[PDB]
Amino acid sequence: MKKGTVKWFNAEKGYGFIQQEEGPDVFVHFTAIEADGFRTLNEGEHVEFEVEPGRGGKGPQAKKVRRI
C-alpha cells in the first residue's frame with residue numbers, strides 16, 4: 001500500500017498519476033478510485049493508492065485508491 005499527494009487526475013479520459021514523498025510513477029484510472037461518491041481525486045490533495053501487478057499498463061496501478 002502506498003500513500004501520497006496527486007499531481008493530476010484527468011476525469012475526462014479516466015486516468016491519472018499520483019506522487020509520493022519522492023514521486024515515482026503510478027498508473028491510476030477513474031475505475032480504480034474507491035470513495036463515497038464520484039470516483040476521482042483532487043489535484044494537490046492526499047490519497048492512498050494500492051499499486052498492483054497485472055493492473056497497470058506499465059505495472060504498478062492504484063488498484064485501491066482512497067481520498068485523504
# chains A, B, ... in the order shown; residues from 1 in each chain; ligands from 1

$ residues_around --residues "residue 26 (chain A)" --least-positions-apart "5" --cutoff "6 Å" --atoms "only C-alpha atoms" --output "JSON, numbers by chain"
{"A": [17, 18, 60, 61]}

$ residues_around --residues "residue 12 (chain A)" --least-positions-apart "5" --cutoff "12 Å" --atoms "only C-alpha atoms" --output "list in words"
residues 29, 30 and 40 of chain A

$ residues_around --residues "residue 65 (chain A)" --least-positions-apart "3" --cutoff "6 Å" --atoms "only C-alpha atoms" --output "PyMOL selection string"
chain A and resi 33-34+48-49+62

$ write_last_selection --atoms "N, CA, C and O atoms" --output "compact mmCIF listing (two decimals), in the first residue's frame"
# COMPACT_ATOMS: atom_id res chain seq x y z
N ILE A 33 -10.54 4.26 -8.23
CA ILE A 33 -10.77 5.06 -7.03
C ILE A 33 -11.94 4.52 -6.22
O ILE A 33 -13.01 4.24 -6.77
N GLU A 34 -11.74 4.37 -4.92
CA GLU A 34 -12.79 3.86 -4.04
C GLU A 34 -13.18 4.90 -3.00
O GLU A 34 -12.66 4.92 -1.89
N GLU A 48 -4.39 7.63 -0.84
CA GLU A 48 -3.67 6.37 -0.75
C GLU A 48 -4.05 5.44 -1.90
O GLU A 48 -5.22 5.16 -2.13
N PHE A 49 -3.04 4.97 -2.63
CA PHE A 49 -3.26 4.08 -3.76
C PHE A 49 -2.56 2.74 -3.54
O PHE A 49 -1.49 2.68 -2.94
N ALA A 62 -3.00 1.94 -9.21
CA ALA A 62 -3.73 2.27 -8.00
C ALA A 62 -4.97 1.40 -7.84
O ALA A 62 -6.09 1.90 -7.75

$ residues_around --residues "residue 5 (chain A)" --least-positions-apart "4" --cutoff "12 Å" --atoms "only C-alpha atoms" --output "VMD selection string"
chain A and resid 9 16 to 26 41 to 49 65 to 68

$ residues_around --residues "residue 59 (chain A)" --least-positions-apart "6" --cutoff "12 Å" --atoms "only C-alpha atoms" --output "PDB file with N, CA, C and O atoms, in the first residue's frame"
ATOM      1  N   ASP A  25       5.987   6.979  -9.939  1.00  0.00           N
ATOM      2  CA  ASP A  25       5.140   6.932 -11.125  1.00  0.00           C
ATOM      3  C   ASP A  25       4.148   5.776 -11.039  1.00  0.00           C
ATOM      4  O   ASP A  25       4.503   4.621 -11.278  1.00  0.00           O
ATOM      5  N   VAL A  26       2.904   6.095 -10.697  1.00  0.00           N
ATOM      6  CA  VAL A  26       1.860   5.084 -10.580  1.00  0.00           C
ATOM      7  C   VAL A  26       0.723   5.352 -11.559  1.00  0.00           C
ATOM      8  O   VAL A  26       0.372   6.502 -11.820  1.00  0.00           O
ATOM      9  N   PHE A  27       0.148   4.281 -12.098  1.00  0.00           N
ATOM     10  CA  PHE A  27      -0.950   4.401 -13.048  1.00  0.00           C
ATOM     11  C   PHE A  27      -2.294   4.194 -12.356  1.00  0.00           C
ATOM     12  O   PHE A  27      -2.568   3.123 -11.814  1.00  0.00           O
ATOM     13  N   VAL A  28      -3.129   5.228 -12.377  1.00  0.00           N
ATOM     14  CA  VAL A  28      -4.444   5.161 -11.752  1.00  0.00           C
ATOM     15  C   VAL A  28      -5.541   5.548 -12.738  1.00  0.00           C
ATOM     16  O   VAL A  28      -5.360   6.441 -13.566  1.00  0.00           O
ATOM     17  N   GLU A  50      -3.169   1.669  -4.046  1.00  0.00           N
ATOM     18  CA  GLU A  50      -2.602   0.333  -3.907  1.00  0.00           C
ATOM     19  C   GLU A  50      -2.050  -0.165  -5.240  1.00  0.00           C
ATOM     20  O   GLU A  50      -2.796  -0.641  -6.094  1.00  0.00           O
ATOM     21  N   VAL A  51      -0.737  -0.050  -5.410  1.00  0.00           N
ATOM     22  CA  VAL A  51      -0.084  -0.488  -6.637  1.00  0.00           C
ATOM     23  C   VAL A  51      -0.243  -1.991  -6.838  1.00  0.00           C
ATOM     24  O   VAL A  51       0.122  -2.785  -5.972  1.00  0.00           O
ATOM     25  N   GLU A  52      -0.790  -2.374  -7.988  1.00  0.00           N
ATOM     26  CA  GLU A  52      -0.999  -3.783  -8.302  1.00  0.00           C
ATOM     27  C   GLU A  52      -0.125  -4.212  -9.477  1.00  0.00           C
ATOM     28  O   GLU A  52       0.320  -3.396 -10.283  1.00  0.00           O
ATOM     29  N   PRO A  53       0.127  -5.526  -9.578  1.00  0.00           N
ATOM     30  CA  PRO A  53       0.948  -6.094 -10.651  1.00  0.00           C
ATOM     31  C   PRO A  53       0.258  -6.023 -12.009  1.00  0.00           C
ATOM     32  O   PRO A  53       0.423  -5.055 -12.749  1.00  0.00           O
TER      33      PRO A  53
END

$ atom_distance --atom1 "CA of residue 63 (chain A)" --atom2 "CA of residue 15 (chain A)"
12.3 Å

$ select_by_dssp --residues "chain A" --states "strand (DSSP E or B)" --output "PyMOL selection string"
chain A and resi 2-10+15-18+27-29+33+46-52+61-67

$ write_last_selection --atoms "N, CA, C and O atoms" --output "short mmCIF file (atom, residue, chain, number, x, y, z; two decimals), in the first residue's frame"
data_model
loop_
_atom_site.label_atom_id
_atom_site.label_comp_id
_atom_site.auth_asym_id
_atom_site.auth_seq_id
_atom_site.Cartn_x
_atom_site.Cartn_y
_atom_site.Cartn_z
N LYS A 2 0.53 2.20 -0.87
CA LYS A 2 1.27 3.45 -0.97
C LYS A 2 0.36 4.65 -0.73
O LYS A 2 -0.83 4.61 -1.05
N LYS A 3 0.92 5.71 -0.17
CA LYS A 3 0.16 6.93 0.11
C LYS A 3 0.94 8.17 -0.31
O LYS A 3 2.13 8.29 -0.03
N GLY A 4 0.26 9.09 -1.00
CA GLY A 4 0.91 10.31 -1.44
C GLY A 4 -0.07 11.28 -2.08
O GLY A 4 -1.23 10.95 -2.31
N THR A 5 0.41 12.49 -2.36
CA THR A 5 -0.43 13.52 -2.96
C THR A 5 -0.49 13.36 -4.48
O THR A 5 0.49 12.96 -5.11
N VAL A 6 -1.64 13.67 -5.06
CA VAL A 6 -1.82 13.56 -6.50
C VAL A 6 -1.35 14.82 -7.21
O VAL A 6 -1.48 15.93 -6.69
N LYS A 7 -0.79 14.65 -8.41
CA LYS A 7 -0.30 15.78 -9.19
C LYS A 7 -1.30 16.17 -10.27
O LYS A 7 -1.37 17.33 -10.67
N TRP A 8 -2.07 15.19 -10.74
CA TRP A 8 -3.06 15.44 -11.78
C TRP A 8 -3.88 14.18 -12.05
O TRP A 8 -3.33 13.08 -12.13
N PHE A 9 -5.19 14.35 -12.20
CA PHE A 9 -6.08 13.23 -12.47
C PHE A 9 -7.14 13.61 -13.50
O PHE A 9 -8.15 14.23 -13.17
N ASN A 10 -6.90 13.22 -14.75
CA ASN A 10 -7.83 13.53 -15.83
C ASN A 10 -9.12 12.73 -15.68
O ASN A 10 -9.12 11.50 -15.80
N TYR A 15 -8.11 8.74 -16.27
CA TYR A 15 -6.78 8.32 -15.88
C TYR A 15 -6.09 9.39 -15.04
O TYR A 15 -6.55 10.53 -14.97
N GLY A 16 -4.99 9.02 -14.40
CA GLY A 16 -4.26 9.96 -13.57
C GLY A 16 -2.96 9.38 -13.03
O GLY A 16 -2.67 8.20 -13.24
N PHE A 17 -2.18 10.20 -12.34
CA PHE A 17 -0.91 9.76 -11.78
C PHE A 17 -0.69 10.39 -10.40
O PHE A 17 -0.76 11.60 -10.24
N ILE A 18 -0.42 9.54 -9.41
CA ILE A 18 -0.18 10.00 -8.05
C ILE A 18 1.31 10.10 -7.76
O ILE A 18 2.12 9.38 -8.34
N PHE A 27 0.15 4.28 -12.10
CA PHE A 27 -0.95 4.40 -13.05
C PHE A 27 -2.29 4.19 -12.36
O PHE A 27 -2.57 3.12 -11.81
N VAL A 28 -3.13 5.23 -12.38
CA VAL A 28 -4.44 5.16 -11.75
C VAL A 28 -5.54 5.55 -12.74
O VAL A 28 -5.36 6.44 -13.57
N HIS A 29 -6.68 4.87 -12.64
CA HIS A 29 -7.81 5.14 -13.53
C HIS A 29 -9.06 5.49 -12.72
O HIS A 29 -9.16 5.16 -11.54
N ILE A 33 -10.54 4.26 -8.23
CA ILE A 33 -10.77 5.06 -7.03
C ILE A 33 -11.94 4.52 -6.22
O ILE A 33 -13.01 4.24 -6.77
N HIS A 46 -4.15 14.70 -0.78
CA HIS A 46 -3.55 13.44 -0.37
C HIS A 46 -4.49 12.27 -0.66
O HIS A 46 -5.70 12.38 -0.48
N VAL A 47 -3.92 11.16 -1.10
CA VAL A 47 -4.70 9.97 -1.41
C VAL A 47 -3.84 8.71 -1.38
O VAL A 47 -2.69 8.73 -1.84
N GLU A 48 -4.39 7.63 -0.84
CA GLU A 48 -3.67 6.37 -0.75
C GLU A 48 -4.05 5.44 -1.90
O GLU A 48 -5.22 5.16 -2.13
N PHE A 49 -3.04 4.97 -2.63
CA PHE A 49 -3.26 4.08 -3.76
C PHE A 49 -2.56 2.74 -3.54
O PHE A 49 -1.49 2.68 -2.94
N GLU A 50 -3.17 1.67 -4.05
CA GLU A 50 -2.60 0.33 -3.91
C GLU A 50 -2.05 -0.17 -5.24
O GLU A 50 -2.80 -0.64 -6.09
N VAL A 51 -0.74 -0.05 -5.41
CA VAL A 51 -0.08 -0.49 -6.64
C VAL A 51 -0.24 -1.99 -6.84
O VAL A 51 0.12 -2.79 -5.97
N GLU A 52 -0.79 -2.37 -7.99
CA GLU A 52 -1.00 -3.78 -8.30
C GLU A 52 -0.13 -4.21 -9.48
O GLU A 52 0.32 -3.40 -10.28
N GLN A 61 -0.31 -0.18 -10.44
CA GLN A 61 -1.50 0.65 -10.61
C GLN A 61 -2.21 0.88 -9.28
O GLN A 61 -2.03 0.11 -8.33
N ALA A 62 -3.00 1.94 -9.21
CA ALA A 62 -3.73 2.27 -8.00
C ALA A 62 -4.97 1.40 -7.84
O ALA A 62 -6.09 1.90 -7.75
N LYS A 63 -4.77 0.09 -7.83
CA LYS A 63 -5.87 -0.86 -7.69
C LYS A 63 -6.84 -0.41 -6.60
O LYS A 63 -8.06 -0.56 -6.74
N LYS A 64 -6.30 0.16 -5.53
CA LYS A 64 -7.13 0.64 -4.42
C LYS A 64 -6.73 2.06 -4.03
O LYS A 64 -5.71 2.27 -3.38
N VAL A 65 -7.55 3.03 -4.42
CA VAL A 65 -7.29 4.43 -4.11
C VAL A 65 -8.27 4.94 -3.06
O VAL A 65 -9.45 4.60 -3.07
N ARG A 66 -7.77 5.78 -2.15
CA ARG A 66 -8.60 6.34 -1.10
C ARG A 66 -8.38 7.85 -0.98
O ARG A 66 -7.26 8.34 -1.15
N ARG A 67 -9.45 8.58 -0.70
CA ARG A 67 -9.38 10.03 -0.57
C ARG A 67 -8.81 10.42 0.80
O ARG A 67 -9.20 9.87 1.82
#
